[PDB]
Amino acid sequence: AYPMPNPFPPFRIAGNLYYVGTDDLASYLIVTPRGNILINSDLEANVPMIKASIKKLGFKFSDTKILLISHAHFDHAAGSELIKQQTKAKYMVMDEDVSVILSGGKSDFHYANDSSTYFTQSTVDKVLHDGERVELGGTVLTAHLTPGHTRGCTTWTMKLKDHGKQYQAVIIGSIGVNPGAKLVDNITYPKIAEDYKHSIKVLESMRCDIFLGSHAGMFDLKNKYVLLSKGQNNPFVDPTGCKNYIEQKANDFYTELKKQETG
């Protein structure tokens, strides 16, 4: 059973990007004059928490115009149908992950036969592609296809202005290798290893100032939030941590590949 995340205080990360997630599953709110964009619906049990966080910041849940996700796995997309019903937000997903979203996880190349990983089925209002942009009220998000973890895992990026300076925010979708995933001669997802390697190439050459991810633990949410409360110069601007994390996971992939190929 996936550990139920604990509530986390919502806050502004930089520019018009706010954190409205939990102490684990990370969710983001981009506020614009023409509505807001929400990233990651998390677990069903988390929807009320996400709505509450958005309202705590002084915004309206009803102003959610677009719903996005890091990748198609229950812990990041299970609550999407509820959010669509409750806000009428337009659901946009990377083409490669659409099948999983429509089938509620039944078509998952790895978890197709694990009902504990299934989630409510939902329709995709707009199919996204590598490098496509999502724009609203002047804000521009770019969807980067960084496959492997899921066929259509998306790494979202955007430029934020903070304290007069410009910073590239990167929400790493995930390039982690889940326990059991087969990297060699995968029957259902043959290009899995090839995809991970492509993601490593993309991520390792990607400008990254404001380091974020689908999971709080990826970018040290807790400690950075504490520094933020202490009033430190945006502790979320962490290009060094981003570089190191990407390299670490890139190496974690090769460690698993090595294990599967020679262990």
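Residue numbers run from 1 along the displayed sequence.
- The question of which stretch, 235-243 or 6-14, has the higher mean Cα B factor is settled in favour of 6-14.
- On average the C-alpha atoms of 123-131 have higher B-factors than those of the other stretch, with 123-131 and 139-147 being the two compared.
- Comparing the listed residues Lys197, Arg207, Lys65, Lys60, the entry records the largest Cα B-factor for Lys60.
- In this PDB entry, the Cα temperature factor of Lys224 sits in the middle third of its chain's modelled residues.
- The deposited CA B-factor of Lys88 belongs to the highest third of values across its chain.
- For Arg34, the recorded CA temperature factor ranks within the middle third of the chain's modelled residues.
- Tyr189: CA B factor in the middle third of modelled residues in this chain (values from the PDB entry).
- Split the chain's modelled residues into thirds by C-alpha temperature factor. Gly176 is in the middle one.
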